[PDB]
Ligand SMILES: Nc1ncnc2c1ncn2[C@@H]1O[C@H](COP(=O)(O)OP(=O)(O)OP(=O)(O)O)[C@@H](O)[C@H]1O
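Only one chain comes next, encoded as structure tokens, the form solved without the ligand.
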């Protein structure tokens, strides 16, 4: 089981914090988005655009599930994997670290540069949709709104200790 499963919206710094946290812990980093491509020989765009979301999510959940069983390090979850009820089910009992930001801060950082003229509106809609799901599955919630990456990581490590 992973030491930490990281979840967050675009703009939360999830990739960056995952790399940093895995380096602080001395553990493997598995990015589920990368694993799908490594396993399918197809890009995310190509799967998502060709097969459609439902099939992408089916593929994702299978990869998420395997990693949850196999990976002992940090697992960085693709941003929409939480939208699948089976992912939310499989997550239960894991350490799930939610890299939490406000929608205003998301928009400030991105936004929604992560669609055409409406992309900001869709990004506002994306986070209204995903953020309650991240809240639901979290076991640790970390306000990354104003912390730097090293501070977020220091905060996480102090709440993931192991006896003695």
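Positions refer to the first chain, counted from 1. The term rigid core refers to the most C-alpha atoms you can superpose between the two forms while keeping them within 1.5 Å.
From residue 114 to residue 115, how many deposited residues does the entry skip: none, 1 to 3, 4 to 9, or 10 or more? The entry has 4 to 9 unmodelled residues between residue 114 and residue 115.
Which has the higher mean CA temperature factor in the PDB entry, 38-46 or 56-64? If you average the C-alpha B-factors of 56-64 and of 38-46, the larger mean comes out for 38-46.
Quick check on the record: does 140-148 or 20-28 carry the larger mean Cα temperature factor? Mean CA B-factor is higher for 140-148.
Which of these, 96, 103, 69, 133, has its C-alpha atom at the highest B-factor, as the entry lists it? Most elevated C-alpha B-factor of the set, per the entry: 103.
Taking only the Cα B-factors deposited for this chain, tell me whether residue 162 sits in the lowest, middle or highest third. It falls in the top third of the chain.
Only in words, not in the display: the form deposited with the ligand bound, which the text now covers.
I'd like to know whether residue 109 contacts the ligand in the entry with it bound, with contact meaning heavy atoms within 4.5 angstroms. Residue 109 belongs to the contact set for the ligand.
Quick check on residue 21: any heavy atom within 4.5 Å of the ligand in the entry with it bound? Residue 21 lies outside the contact set for the ligand.
Considering only heavy atoms, tell me if residue 155 and the ligand come within 4.5 Å of each other in the entry with it bound. So residue 155 does not count as contacting the ligand.
Members of 14-29 lying within 4.5 angstroms of the ligand, judged by heavy atom, in the entry with it bound: Sequence-ordered list: 14, 15, 16.
If I align on the rigid core, exactly one of 27, 138, 68, 107 should have its C-alpha move by 2 Å or more between the shown form and the other one; which residue is that? Meeting the 2 Å or more criterion is only 107.
Is residue 128 among the residues whose Cα moves by 2 Å or more between the shown form and the other one after superposition of the rigid core? No, the C-alpha moves less than 2 Å.
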